[PDB]
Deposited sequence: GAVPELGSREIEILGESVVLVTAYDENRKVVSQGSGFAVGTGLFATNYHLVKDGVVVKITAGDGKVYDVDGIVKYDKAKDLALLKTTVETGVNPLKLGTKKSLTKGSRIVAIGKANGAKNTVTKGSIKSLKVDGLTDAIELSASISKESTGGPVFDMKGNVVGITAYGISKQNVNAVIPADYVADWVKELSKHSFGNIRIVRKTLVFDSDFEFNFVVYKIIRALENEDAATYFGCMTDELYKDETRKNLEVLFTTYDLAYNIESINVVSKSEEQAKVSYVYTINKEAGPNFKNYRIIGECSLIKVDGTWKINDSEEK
């Protein structure tokens, strides 16, 4: 009852390279992921959280654009990505942590920069002190394989590698049950109907405009008023806004989940961009989580695009 090389090679064809880029096309993070649907890939949240643009590379070299993050869990360092198109990458069958015993053998597969690394090991413990639900392994899985699948001797995905998720030198993996729950919920929706929770951009002809809106929302999320006011014309700055931001940044920890950013209209010195995002409270006193559906006007000032008006509901 041991997973053979032939099976490992076949399962490895579902493992992909996940690369996140900043607005200047620089690589900010890179790791592994795996297909769990035709256009759905599981990975770590840390590999994509700072990616303005995210790309997936399959074992055959094919590169796919990421449309956005459809599910995520910060405490479990978990993310589910949706590609802009359905890919030819075969989804992997997911198992459960309920079948695991301590001492049982596992195989982790990761994609280096798009060739595979196979790491062998065993289950040390069915819990990890400090984590709500994690599995401890007897030895380490390399940083480059993070976000990749962990298989049992039957070939089912029982975990997801998560480099640095616990205390230093603790080797912990997240149970596949969490990804299976997301896949089951999303299974009831067609591909085109799956909704984005945290939007990632593509380097297309609309990038210059969509990025202003992406940057200004990201600045509110990072508690960065200097970047927030830098995204708008000098005219839009108000002392009252600056004061309101100080209270918001010190009172709460907030997540700004972007659903969509789209150019409505554009020209050489003027543009309109629509956007949808939610504000979710992670910590602090009472806060009513809410959705913002807006549209803003942009103008080119000394070459740099800036927001000169907005309307939100």
Query raised in the report: What gaps appear when the modelled C-alpha atoms are mapped onto the deposited sequence?
Result: 1 to 3, 117
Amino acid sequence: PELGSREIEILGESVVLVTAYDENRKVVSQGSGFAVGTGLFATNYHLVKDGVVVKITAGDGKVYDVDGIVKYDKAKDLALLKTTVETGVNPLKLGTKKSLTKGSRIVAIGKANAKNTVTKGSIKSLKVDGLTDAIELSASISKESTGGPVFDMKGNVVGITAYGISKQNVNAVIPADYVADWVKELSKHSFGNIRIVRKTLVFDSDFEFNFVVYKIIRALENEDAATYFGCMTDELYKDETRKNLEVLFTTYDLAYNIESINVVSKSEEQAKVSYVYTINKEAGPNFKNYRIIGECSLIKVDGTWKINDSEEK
From here on, numbers count along this sequence of modelled residues.
Report task. Would you mind comparing 100 to 108 and 213 to 221 for me and telling me which has the higher average C-alpha temperature factor in the entry? Result -> 213 to 221
Requested in this report: May I ask you to compare 225 to 233 and 85 to 93 by their mean CA B factor in the entry and name the higher one?
Outcome: 225 to 233
Query raised in the report: Taking the values straight from the PDB record, which of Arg198, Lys127, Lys243, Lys124 has the highest C-alpha temperature factor?
Result: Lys243
**Report entry** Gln30, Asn44, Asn257, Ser267, ranked by C-alpha B-factor: the highest one
**Finding:** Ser267
Requested in this report: Among all modelled residues of this chain, ranked by Cα B factor, put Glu185 in the bottom, middle or top third, i.e. lowest, middle or highest.
Outcome: middle
Report summary line: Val53: CA temperature factor from the record, placed by chain third, in the middle
Report task. Check where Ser14 lands among this chain's C-alpha B-factors and tell me if it's the lowest, middle or highest third. Result -> lowest
Query raised in the report: Going by what the PDB entry lists, where does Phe34 fall on CA B-factor within its chain: lowest, middle or highest third?
Result: lowest
Requested in this report: Would you mind ranking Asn156 by its C-alpha B-factor against the rest of the chain and naming the third, lowest, middle or highest?
Outcome: lowest
